[PDB]
Every structure is written in structure tokens, then in C-alpha cells.
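Below: the structure, in C-alpha cells.
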Amino acid sequence: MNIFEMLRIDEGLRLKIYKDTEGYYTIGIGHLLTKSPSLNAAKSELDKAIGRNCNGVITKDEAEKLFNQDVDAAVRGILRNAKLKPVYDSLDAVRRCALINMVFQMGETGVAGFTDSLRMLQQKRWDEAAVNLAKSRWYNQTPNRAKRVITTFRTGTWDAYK
Ligand SMILES: [Cl-]
Ligand SMILES: [Cl-]
């Protein structure tokens, strides 16, 4: 199991503009297009992003291209983040995937907001961190996906995804 396969399981793949769980316009593998309520604004962002007139639909390849960019951006953002970098450096490879997953979903700033959870992960207090992570809007809104990520941090294995 690797980061790409983990996120593909958590986000799914759709080739036509859809609304994410928060009601925002998205496409492919969790690629947010716009927070705007306008389908048209979504369509324009989508075309800007692909370099073609897509009229709200893309190919598998295009979706995978966007996915490669987004995972790269997520990893590079963690490494530039003064609060995220130290945690990431302190983790094992599986747990590292779990933090990349949160960042892809919530953005760098959102994850950096989990102060106490971050401190506990860096200290390797697995069980404590899992309990604190669950006390969040994130957990209440997408509980199945959150539990999966949380189990990953808690155990250090890919069990939740197997
Ligand atoms: Cl809560
Ligand atoms: Cl969920």
C-alpha cells in the first residue's frame, strides 16, 4: 500500500464535476476546484487547470495528472511548514502517509491547527493522539475516513485500509 492507493480509496475517482462532502465543486481524485457556488466558475477553473476546454469532464489520465500534482504539493508543503516538518521528520514511513492524507484533505493550515495532536505524535504517544484527533469537526463530519487515518497513526500499519 502506498500514499496514492490510500488516497484513491479515501477520495474515489470521478471524471465529471461533482460536489464534495462540503458541497464544493471538485473533480478527479479529491481535486477541489472552487469554493464558489457557481458551476460556471467551476468549469472555468477546471479548464484553467487542464489547459483545455473540458466542458466539466476529464479523462483518467488528466485526473491522475492532477493527482500527482496535488500529492507532490502536499508533501512539499509539509516540508516547508515550520510546524509540520518536525513532526513529519520524526515519524516512520506509514505514519508519514497518514499526515500526508490529512494535509491533502484539510490543507496545511488546517492540520497545523491540531497543536496538541501534533505534539503527541512527535512524542510517539499513539493512543493519546488518536483520542485527541477524534475531538474535531473533521472526525464528526467524515467519521469513516477519519477513523481510518486515526487507526493508521495509532497502529503504524495499513490495516484499516486492508
Ligand atoms: Cl469535538
Ligand atoms: Cl467518511
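How things are named: the first chain in the C-alpha cells is A, the next is B, and so on; residues count from 1 in each chain; ligands count from 1 in the order shown.
Residues with any atom within 12 Å of residue A:137, counting only C-alpha atoms and excluding same-chain neighbours fewer than 6 positions away, are residues 106, 110, 114, 143 and 146 of chain A.
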Writing out the chosen residues with C-alpha atoms as an mmCIF file, in the first residue's frame:
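Saved result, out-v4.cif, follows:
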```cif
data_model
loop_
_atom_site.group_PDB
_atom_site.id
_atom_site.type_symbol
_atom_site.label_atom_id
_atom_site.label_comp_id
_atom_site.auth_asym_id
_atom_site.auth_seq_id
_atom_site.Cartn_x
_atom_site.Cartn_y
_atom_site.Cartn_z
ATOM 1 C CA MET A 106 -7.537 19.711 5.045
ATOM 2 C CA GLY A 110 -5.854 23.198 8.978
ATOM 3 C CA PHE A 114 -4.067 20.404 15.608
ATOM 4 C CA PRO A 143 -16.051 9.814 10.518
ATOM 5 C CA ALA A 146 -11.108 9.955 9.934
#
```
Residues of chain A within 9 Å of ligand 2: nearest atom pair and distance (Å, one decimal) for each, counting only C-alpha atoms and all ligand atoms, sorted by chain and number, as a Markdown table?
```
| residue | atom | partner | partner_atom_place_in_ligand_line | distance |
| --- | --- | --- | --- | --- |
| A:10 | CA | ligand 2 | 1 (Cl) | 8.2 |
| A:21 | CA | ligand 2 | 1 (Cl) | 8.8 |
| A:139 | CA | ligand 2 | 1 (Cl) | 8.3 |
| A:140 | CA | ligand 2 | 1 (Cl) | 8.9 |
| A:141 | CA | ligand 2 | 1 (Cl) | 7.1 |
| A:142 | CA | ligand 2 | 1 (Cl) | 3.5 |
| A:143 | CA | ligand 2 | 1 (Cl) | 4.6 |
| A:144 | CA | ligand 2 | 1 (Cl) | 3.9 |
| A:145 | CA | ligand 2 | 1 (Cl) | 4.2 |
| A:146 | CA | ligand 2 | 1 (Cl) | 6.6 |
| A:147 | CA | ligand 2 | 1 (Cl) | 8.3 |
| A:148 | CA | ligand 2 | 1 (Cl) | 9.0 |
```
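When atom CA of residue A:161 is paired with atom CA of residue A:9, their separation reads 8.1 Å.
Residues surrounding stretch 25-28 of chain A within 7 Å are residues 13, 14, 15, 16, 17, 18, 19, 20, 23, 30, 31, 32, 33, 34, 35, 42 and 63 of chain A [only C-alpha atoms; sequence separation below 2 positions excluded].
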Using N, CA and C atoms, can you export the residues from the last selection as a compact mmCIF listing (two decimals), in the first residue's frame?
```
# COMPACT_ATOMS: atom_id res chain seq x y z
N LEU A 13 -12.71 8.24 -7.45
CA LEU A 13 -12.30 8.85 -8.72
C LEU A 13 -13.54 9.20 -9.50
N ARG A 14 -13.70 10.42 -9.94
CA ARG A 14 -14.86 10.82 -10.70
C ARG A 14 -14.35 11.68 -11.81
N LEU A 15 -14.84 11.43 -13.02
CA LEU A 15 -14.43 12.13 -14.22
C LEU A 15 -15.30 13.30 -14.64
N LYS A 16 -16.32 13.55 -13.84
CA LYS A 16 -17.23 14.66 -14.10
C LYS A 16 -17.29 15.50 -12.81
N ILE A 17 -17.46 16.87 -12.92
CA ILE A 17 -17.55 17.79 -11.76
C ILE A 17 -18.60 17.27 -10.84
N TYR A 18 -18.27 17.18 -9.57
CA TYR A 18 -19.17 16.71 -8.56
C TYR A 18 -19.04 17.62 -7.35
N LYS A 19 -19.88 17.44 -6.33
CA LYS A 19 -19.76 18.22 -5.13
C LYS A 19 -19.15 17.32 -4.07
N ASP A 20 -18.17 17.85 -3.36
CA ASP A 20 -17.52 17.12 -2.30
C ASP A 20 -18.43 17.04 -1.06
N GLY A 23 -20.00 20.35 -0.10
CA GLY A 23 -20.74 20.91 -1.18
C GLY A 23 -19.85 21.68 -2.11
N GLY A 30 -10.30 13.90 -5.51
CA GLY A 30 -10.30 14.93 -4.44
C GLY A 30 -9.71 16.29 -4.86
N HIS A 31 -9.71 16.60 -6.16
CA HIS A 31 -9.16 17.87 -6.57
C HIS A 31 -10.17 19.00 -6.45
N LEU A 32 -10.12 19.79 -5.38
CA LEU A 32 -11.03 20.91 -5.20
C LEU A 32 -10.93 21.94 -6.34
N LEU A 33 -12.03 22.30 -6.90
CA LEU A 33 -11.92 23.29 -7.95
C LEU A 33 -12.14 24.72 -7.47
N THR A 34 -13.19 24.94 -6.67
CA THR A 34 -13.58 26.26 -6.20
C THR A 34 -14.55 26.14 -5.06
N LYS A 35 -14.54 27.11 -4.17
CA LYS A 35 -15.50 27.12 -3.09
C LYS A 35 -16.73 27.89 -3.55
N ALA A 42 -16.72 26.85 -11.68
CA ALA A 42 -16.06 25.54 -11.53
C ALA A 42 -15.51 25.09 -12.82
N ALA A 63 -7.03 13.17 -14.68
CA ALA A 63 -7.30 13.04 -13.29
C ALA A 63 -6.08 12.61 -12.52
```
(request) Using DSSP on the backbone coordinates, identify all residues within chain A classified as alpha helix (DSSP H); present the result as a ChimeraX atom specification. (result) /A:3-11,39-50,60-80,84-90,93-112,115-122,126-133,137-141,143-155
(message) Can you measure atom CA of residue A:121 to atom CA of residue A:87 for me? One decimal in Å is fine.
(response) 7.1 Å
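Closest approach to residue A:95 from the set A:46, A:29, A:150, A:39 is made by A:150, with distances taken over only C-alpha atoms.
The shortest atom-to-atom distance to ligand 1, with only C-alpha atoms and all ligand atoms taken into account, belongs to A:136 out of A:53, A:109, A:136, A:38.
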Give me every strand (DSSP E) residue in chain A, going by DSSP on the backbone, as an mmCIF file with N, CA, C and O atoms, in the first residue's frame.
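Saved to selection_38.cif:
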```cif
data_model
loop_
_atom_site.group_PDB
_atom_site.id
_atom_site.type_symbol
_atom_site.label_atom_id
_atom_site.label_comp_id
_atom_site.auth_asym_id
_atom_site.auth_seq_id
_atom_site.Cartn_x
_atom_site.Cartn_y
_atom_site.Cartn_z
ATOM 1 N N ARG A 14 -13.696 10.416 -9.941
ATOM 2 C CA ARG A 14 -14.857 10.823 -10.700
ATOM 3 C C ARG A 14 -14.347 11.682 -11.812
ATOM 4 O O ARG A 14 -13.527 12.573 -11.544
ATOM 5 N N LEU A 15 -14.843 11.434 -13.023
ATOM 6 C CA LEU A 15 -14.428 12.135 -14.218
ATOM 7 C C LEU A 15 -15.295 13.297 -14.640
ATOM 8 O O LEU A 15 -15.028 13.952 -15.678
ATOM 9 N N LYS A 16 -16.318 13.551 -13.837
ATOM 10 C CA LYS A 16 -17.225 14.657 -14.102
ATOM 11 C C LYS A 16 -17.295 15.499 -12.806
ATOM 12 O O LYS A 16 -17.169 14.903 -11.710
ATOM 13 N N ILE A 17 -17.462 16.875 -12.920
ATOM 14 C CA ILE A 17 -17.548 17.791 -11.762
ATOM 15 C C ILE A 17 -18.596 17.267 -10.835
ATOM 16 O O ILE A 17 -19.659 16.910 -11.294
ATOM 17 N N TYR A 18 -18.268 17.180 -9.570
ATOM 18 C CA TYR A 18 -19.167 16.706 -8.556
ATOM 19 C C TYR A 18 -19.040 17.621 -7.351
ATOM 20 O O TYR A 18 -18.210 18.516 -7.354
ATOM 21 N N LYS A 19 -19.877 17.443 -6.333
ATOM 22 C CA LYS A 19 -19.757 18.222 -5.129
ATOM 23 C C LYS A 19 -19.153 17.323 -4.065
ATOM 24 O O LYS A 19 -19.544 16.185 -3.914
ATOM 25 N N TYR A 25 -17.343 22.235 -5.460
ATOM 26 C CA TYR A 25 -17.053 21.702 -6.763
ATOM 27 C C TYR A 25 -15.651 21.121 -6.811
ATOM 28 O O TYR A 25 -14.655 21.856 -6.625
ATOM 29 N N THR A 26 -15.625 19.835 -7.137
ATOM 30 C CA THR A 26 -14.443 19.001 -7.214
ATOM 31 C C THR A 26 -14.481 18.154 -8.487
ATOM 32 O O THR A 26 -15.519 18.017 -9.131
ATOM 33 N N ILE A 27 -13.334 17.572 -8.822
ATOM 34 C CA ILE A 27 -13.178 16.653 -9.960
ATOM 35 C C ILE A 27 -12.041 15.661 -9.659
ATOM 36 O O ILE A 27 -11.274 15.943 -8.780
ATOM 37 N N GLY A 28 -11.978 14.532 -10.345
ATOM 38 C CA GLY A 28 -10.916 13.537 -10.288
ATOM 39 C C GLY A 28 -10.839 12.862 -8.972
ATOM 40 O O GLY A 28 -11.869 12.353 -8.469
ATOM 41 N N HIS A 31 -9.710 16.601 -6.155
ATOM 42 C CA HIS A 31 -9.158 17.874 -6.567
ATOM 43 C C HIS A 31 -10.166 18.997 -6.454
ATOM 44 O O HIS A 31 -10.969 19.149 -7.356
ATOM 45 N N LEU A 32 -10.117 19.787 -5.380
ATOM 46 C CA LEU A 32 -11.030 20.913 -5.204
ATOM 47 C C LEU A 32 -10.929 21.942 -6.336
ATOM 48 O O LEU A 32 -9.857 22.424 -6.728
ATOM 49 N N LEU A 33 -12.034 22.303 -6.902
ATOM 50 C CA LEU A 33 -11.919 23.289 -7.948
ATOM 51 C C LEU A 33 -12.141 24.723 -7.468
ATOM 52 O O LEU A 33 -11.405 25.624 -7.861
ATOM 53 N N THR A 34 -13.186 24.936 -6.666
ATOM 54 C CA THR A 34 -13.581 26.264 -6.197
ATOM 55 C C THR A 34 -14.553 26.136 -5.058
ATOM 56 O O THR A 34 -15.302 25.188 -4.991
#
```
